[PDB]
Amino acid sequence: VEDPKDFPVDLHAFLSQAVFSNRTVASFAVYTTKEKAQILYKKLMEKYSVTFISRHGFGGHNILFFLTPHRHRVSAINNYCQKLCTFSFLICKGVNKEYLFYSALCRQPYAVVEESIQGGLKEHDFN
């Protein structure tokens, strides 16, 4: 109805728009509701054994950002997430700039809510 159809525009810079790609990657984002995100935060951590995952607020919606040990098609992460949704929207894309995306999601108009690693994510954990 008035559900979003993509991520907020300030994050497009960070996201891959080719959702049907055969290329397998290791960082992902999910834009959905507080409720759905609260659950996926725990499910994803267990299904993908994420090396890291965080949940961020934006009005009433949430954005999950997570890294995985092994690579996966964006298509696959999405399919898994969508099975938890019926009427709630949910957008899932691949993330290119890991530490920068995570940065933007830690500042206005966004904010961190919960993380799987204290202090969160440090810049030196990347190239």
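Residue numbers run from 1 along the displayed sequence.
Novice: Per the entry, where is the mean C-alpha temperature factor higher: 98-106 or 76-84?
Specialist: The recorded data point to 98-106.
Novice: Could you settle it for me: does 46-54 or 60-68 have the higher average Cα B factor in the PDB entry?
Specialist: Higher of the two, by average CA B-factor, is 46-54.
Novice: Going by the CA temperature factor in the PDB record, which third of the chain does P4 belong to: lowest, middle or highest?
Specialist: Lowest third of the chain for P4's C-alpha B-factor.
Novice: Where does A111 sit by CA temperature factor within its chain: lowest, middle or highest third?
Specialist: As the PDB entry reports it, the C-alpha B-factor of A111 lands in the middle third of its chain.
Novice: Tell me, lowest, middle or highest third: where does the Cα B factor of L11 rank within its chain?
Specialist: Ranked within chain, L11 CA B lands in the middle tercile.
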